[PDB]
Amino acid sequence: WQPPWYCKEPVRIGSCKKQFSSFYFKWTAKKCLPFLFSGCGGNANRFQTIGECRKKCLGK
């Protein structure tokens, strides 16, 4: 198994000024990890639930 491309993008908190609990795939550790998203200016390596992250990035 290899993850899709967006799971390999670096975590991006972005440029806005708020906080939203999120998950990203740290592909070098093959784990879905929590992070705080600012609310805009992110990238595609962001998921609302750890399950959605595992489904897309691990194929679970």
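Placement of Cβ uses the backbone N, Cα and C atoms for every residue, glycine included.
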As recorded in Swiss-Prot, which of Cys32, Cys40 forms the disulphide with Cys53: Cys32
DSSP-derived structure type at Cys40 (disulfide bond), helix or strand or else coil: coil
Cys16, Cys40, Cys57 filtered to the disulfide-bonded residues whose C-alpha is within 10 Å of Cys32 (disulfide bond): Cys57
Among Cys7, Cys40, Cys57, the one of these disulfide-bonded residues whose Cβ has the fewest neighbouring Cβ atoms within 10 Å: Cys40
Cβ-Cβ neighbours of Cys16 (disulfide bond) (radius 10 Å): 13
